[PDB]
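Chains as they are written, first to last, in PDB author numbering: chain A, 369 to 417; chain B, 515 to 562; chain C, 951 to 999; chain D, 951 to 999.
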Amino acid sequence: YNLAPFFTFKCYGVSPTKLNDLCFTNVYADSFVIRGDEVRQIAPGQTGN
Amino acid sequence: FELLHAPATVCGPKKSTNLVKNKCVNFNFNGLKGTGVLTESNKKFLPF
Amino acid sequence: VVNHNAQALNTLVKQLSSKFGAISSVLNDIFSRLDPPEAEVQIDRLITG
Amino acid sequence: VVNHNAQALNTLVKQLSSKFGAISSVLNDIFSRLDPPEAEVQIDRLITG
Numbered sequence: 369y370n371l372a373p374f375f376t377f378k379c380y381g382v383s384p385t386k387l388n389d390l391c392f393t394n395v396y397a398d399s400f401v402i403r404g405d406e407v408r409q410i411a412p413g414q415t416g417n
Numbered sequence: 515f516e517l518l519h520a521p522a523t524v525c526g527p528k529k530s531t532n533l534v535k536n537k538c539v540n541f542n543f544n545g546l547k548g549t550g551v552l553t554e555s556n557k558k559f560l561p562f
Numbered sequence: 951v952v953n954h955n956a957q958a959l960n961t962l963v964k965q966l967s968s969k970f971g972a973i974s975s976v977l978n979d980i981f982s983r984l985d986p987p988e989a990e991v992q993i994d995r996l997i998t999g
Numbered sequence: 951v952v953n954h955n956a957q958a959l960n961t962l963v964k965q966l967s968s969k970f971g972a973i974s975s976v977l978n979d980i981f982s983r984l985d986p987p988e989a990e991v992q993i994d995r996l997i998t999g
């Protein structure tokens, strides 16, 4: 929550607040850099290059 | 991440209280929340 | 007649495994994973089913 | 008696042309015209109807 002024933190299947209360079997962090307009493309079932 | 219950390598910063048995309590086991009585079980679970 | 009762009860019990379009068939999991607006849509599905 | 049976089946058939609050009564149209997460809600609405 201290990462950048206006970070977009979008959770599917969970809540942003509830992550601290949960146990996760297998966790993977996938890091990349894209254009801002292409950020919305990073979501389940979206269309884009 | 997978929330399907299994051995959980990654967990949130939650302090674990003592384990009380044979009494009606609320319980939170690795994110599994419920209400009931925990008793020593004779079930022959596999170690995994 | 006895059978027609028992099966029915078993069916009822088995219908507790249906997600009914929710993320989970467990109410506690839905409440623990989601904030109140999203949980309401899922608990509504489960309760209606 | 025959009429009742014959009529009831038609009702069932006619209930295949009901949106039940969704955008369309055709599943493929809903899948094509909506995002898969958004489409699944309408599809489950049709399924429960």
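We treat Cβ as the ideally placed atom computed from N, Cα and C, and that holds for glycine.
Under 8 Å from the C-beta of residue i: neighbouring residues of chain E
i, result
"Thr393 (chain A)", "Among the protein chains of the structure shown, namely A, B, C and D, there is no chain E."
Check whether residue i and residue j have beta carbons under 8 Å apart
i, j, result
"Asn394 (chain A)", "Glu554 (chain B)", "no"
"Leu996 (chain D)", "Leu977 (chain D)", "yes"
"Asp994 (chain C)", "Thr385 (chain A)", "no"
"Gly545 (chain B)", "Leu390 (chain A)", "yes"
"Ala972 (chain C)", "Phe981 (chain C)", "no"
"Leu552 (chain B)", "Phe541 (chain B)", "yes"
"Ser975 (chain D)", "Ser967 (chain D)", "yes"
"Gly413 (chain A)", "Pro987 (chain D)", "yes"
Buried or exposed by the 16-neighbour rule on C-beta atoms within 10 Å, applied to residue i
i, result
"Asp979 (chain C)", "buried"
"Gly548 (chain B)", "exposed"
"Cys538 (chain B)", "exposed"
"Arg408 (chain A)", "exposed"
"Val951 (chain C)", "exposed"
"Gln992 (chain D)", "buried"
"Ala411 (chain A)", "exposed"
"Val401 (chain A)", "exposed"
"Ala522 (chain B)", "buried"
"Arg983 (chain D)", "exposed"
"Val524 (chain B)", "exposed"
"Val382 (chain A)", "buried"
Terminal residues of the alpha helix (DSSP H) in which residue i lies
i, result
"residue 934 (chain D)", "Look at the range of chain D in this structure, 951 to 999, and you will see that residue 934 (chain D) is not part of it."
"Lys964 (chain C)", "952 to 964"
"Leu546 (chain B)", "Looking at the DSSP string, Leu546 (chain B) is not in any alpha helix (DSSP H); the run it does join, the beta strand (DSSP E), is 546 to 551."
"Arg403 (chain A)", "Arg403 (chain A) -> no alpha helix (DSSP H), and no H or E assigned at all."
"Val382 (chain A)", "Premise fails: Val382 (chain A) is in no alpha helix (DSSP H) and is neither H nor E."
"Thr998 (chain C)", "986 to 998"
Range of the contiguous beta strand (DSSP E) that encloses residue i
i, result
"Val539 (chain B)", "538 to 543"
Mind checking the region 535 to 546 of chain B against chain A and listing, in chain order, the residues whose C-beta falls within less than 8 Å of any C-beta there? Result list: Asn544, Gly545.
Listed in chain order, which residues of the region 973 to 991 of chain D have Cβ atoms closer than 9 Å to some Cβ of chain C? Residues of the region 973 to 991 of chain D with a C-beta less than 9 Å from any C-beta of chain C: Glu990, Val991, listed in chain order.
For the region 380 to 413 of chain A, which residues have a CB atom closer than 7 Å to at least one CB atom of chain D, in sequence order? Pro412, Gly413
Scan the region 546 to 562 of chain B for residues whose Cβ lies nearer than 7 Å to a Cβ of chain C and list them as they occur along the chain. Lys547, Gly548
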